[PDB]
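A single structure is presented below for examination.
We call the chains A, B, C and D, going by the order they appear; numbering starts again at 1 in every chain.
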């Protein structure tokens, strides 16, 4: 997975992710409206206060999101974090206890600013509890963003719960976020500016085409390598103006770091690849997506009809693997 | 630039390119209909016999294509080939003489199969002659493809005119095609299969996520590096079924190797990037494209109306 | 800097380092004998109880070692750890307080086994105090080894004092040791075994020469990259038999990862390069070394004459930069 | 294999190679004296015009060199060139015909300057014939150097006989020399100067250590990769003064690009590695070498006693594999 966020000069947020998986989930766009039942495994049951859009599955009427965004412009994406994610065996008294899947709606229902999320997370404990006994707990970490800032949330055996500022605007997979941030110092030799003709011991040596300054940028799908490239692209991509250009910029970056079908075969023998790329535009309350086998940009919107539905609105399910 | 071609299991061709440039050409989709006037600098002027679609600019009523495709499913893309491309100073008696820009319509107007093109090229001489005094001659090389095979055409000071089979289905920029083919042998260590946990002197070392077998795959935009990655992705992407899935596969590969705005600044100080990605589907006669600043997939079609137009038709972006 | 240790099948230790620097030190081999004055900033002054050999400089009769090894087979090398090393502003009551430079002789004078060092370090505090006001405090971390095991010692603002088992046998420079260990998982695609001929879409693609399995092994001098390469070479270098073959194996690995003069210019404008490579062989009590401008392998030995000297034995000083 | 040549400011040549192989040869230093029998397959037999030193084997009194250097300062090294090298089926009328193994002594016996070698090579034909029927024909290419210049000689099925100027001072293995020269343009992003602290989307990103400018320099043993690295190191290594410093500079570069034992296993299951590194110093008429299992720098010299011997002079044979 790769998560990405950035804004335009007007404070409009473009935020979303590639989902990179090696099996089917039947994922689809879900709109969760206001006043919808919101049970919790450890907290009091309540109802939704905000409409939410994103991609996920529905289990017994509960929308379990891979990534989702509220009508106020605050979103969250859960990305794979294997060999690292570790949640508590049971709830911890005194904490706000959430089964790990519940963080998606807890963040998007209760807050409009990442600043509020950061403060509340100081007393949150994530529990190794699945939606029901027929599912396994997904090893995930999260990127959360509004138009002002983004944070990363990781819970591990090594470090416990950590919350990091994410000025880079990106996230991938394992290992932990500080490891990846530290890794960027090893790529400071990257330069967008092309090299020029040189003399190596008197032998003329000159570029054959543009791009020579980024020698060493990795193009494989190892999470550390996609992190470096996504951070580098986001750091150097100029500001875009308008909805079309910012959505395009977003898909340009995420499609650059997509995991391409056939290029990764896991130890189980299955293809791992980017099954979808999705972008939420806070300015237009529109969720854009395309899929590995259908490149058409589909759009889904939070509006006065969808936000006030009495039922979940579910769209066509995408199948693969 | 990156050119790409592949077919499905039913013989439908998907063929197109990224255009990676550092200036605006004011390009758009041009449909050249049948019976349109077609001048030649060194041949008898004539008219088009086949309709053609693609991306380019119109210069004094001449459609100058970056890449274009005829109604019979034969196409050609011209990609930058600096420090290498060299064409004749003037026409050479006894040869079919073409100004280099004229190869685009010469190929798409006179042939339906690459086999015919390969034979006719044996007596073609490309000439260093611009469309008019107001334009420079573009240093280009070409990929030409139908549903059966693709060829690469390069004319260089170093090697003269060369025509290669292109089983890999890809082309980028300089150096020459044989140089790139030879480079692939240095990347035989790439493997789509993930690595497994290991012991380094007793220290457990294990992957943190998937993708470990492709360690060393380059992700920068140097032409040699886009060539390796595009070739590797095309070699390992399984067959796709149907128009939607094949167009998506095509765009998945080309967007992976796109040159991203802001990540390349040339020595003249300008950003170089993938301004558009375009795919021609021979089976639907449809040219798909999106642009750096508009990701929506746009479609333009050779149909009985557009193919029989009395005008050039252009669609702007 | 790159530190390296390994043993043969008879328990003989080969341990040493490349010193990679950008300024002159006039360094040379120093034998510190038994019964030599040993002052401490925060402990009772004493005398040496064990003879030590290594490379260093002499400051008012105090031998300050870059790396050193005692007559009982226990050694330590201090390697640069910039942007990370952090020692306490002053001594801490109740701790064994050592100015950071004092760890070299504290370790080699008081112990013969790493197991003892590990236990004693539980109550050690390293202080940011130079040998005198005319010297800066070097930001260092250390590898310590006997014939049974090696440890890494790092003290940082990020993590405080950490002591790691170093099964890999290597150490370089920043960042911290756990970061480098974690980085190795990103290089699991490396394989000593050569690739074979392949078909890419029907195009024959075959190796042009041997070595194809290690595609992606980095050859620059960034510390993370030398760590990966040194760890990989040591992991795959077979056992060697006898003194000459083990010393050669050692120099083969370290010279492979040397920082080559002219290839690195630091931001202060100075060339940084491997000024020397050195190996202590515990089995022969011999320190082997060569230098960037003199490749001859020189030997210096702890014996009954040198170990019982009344004076420091200082061999020729090596000037550079 | 990697070949390297450079000079000091006084016109003294340092020229030699790493021998990287996957089988035993029992190689050793051989001095071929003046007036020694010199048979040719396709030319009249003669005697040696001058003394030569280098590394090789002796076959029925014929010294067959991996690399060799005459007393007048001209040398040649034969390096593996598989999948390319192709010599003629039998001699060709009107040419100076040499079995490919005969070029080593043909060049070093008949010439002092590369300019004269190049002119003579215009009528030379290399023949696919072994020293006797018990040996295969080695698929070699050659680097030839004096103090003024170096050339590469390649005879391939792809290109026929080609002679290239070698300002870079290096040679490795396949593919052909022009391919490698062309490859260097793809590495123009390399810069000895370290990067500086940067801001990636407002996130401070700074080097952890020196060497960041050479991001992307490959460290594996694929021939193209050793060629890039060897060329880059030679291009940037400053001038050295005197015999010791220049010999050290030479060994520093070649040991940096050595093929390390255990890190390359060929498809036949055998280790490929640098069995020796050797350097001829024209100014001292001395051949320096060390070996994978004996790092001592040994010296062998062309002098009044060795150049005038009535018999071939051989030194100890080095076995491996």
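One rule holds for everything that comes next: a residue touches a chain if its C-beta (ideal position, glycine included) is under 8 Å from a C-beta of that chain, and two chains touch if they have at least 3 such contacts.
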{"item": "Pair exhibiting more inter-chain C-beta contacts, B-D or B-C", "value": "B-C"}
{"item": "Centroid distance [mean C-alpha coordinates] between chain D and chain B, Å", "value": "42"}
{"item": "Separation of mean Cα positions, chain C and chain B [Å, integer]", "value": "53"}
{"item": "Centre-of-Cα separation between chain B and chain A, whole angstrom", "value": "33"}
{"item": "Of all residues in chain A, the ones touching two or more other chains", "value": "175, 182, 185-186, 196, 206-208, 212-216, 222, 224-225, 232"}
{"item": "Listing of all chain pairs that touch each other, if any do", "value": "A-B, A-C, A-D, B-C, B-D, C-D"}
{"item": "Residue numbers on chain B that touch chain C, as the complex places them", "value": "167-169, 181-182, 184-191, 195-198, 200-203, 205-208, 212-216, 231-232, 234-235"}
{"item": "Residues of chain A touching chain B in the complex", "value": "20, 22, 80, 82-84, 172-175, 192-194, 196, 206-225, 229, 232-233, 236-238, 240, 244-245, 247-249, 251-253, 255-256, 258-267, 271-272, 274, 290-297"}
{"item": "Touch list for chain C against partner chain A, complex", "value": "175, 179, 182-183, 185-186, 222, 224-225"}
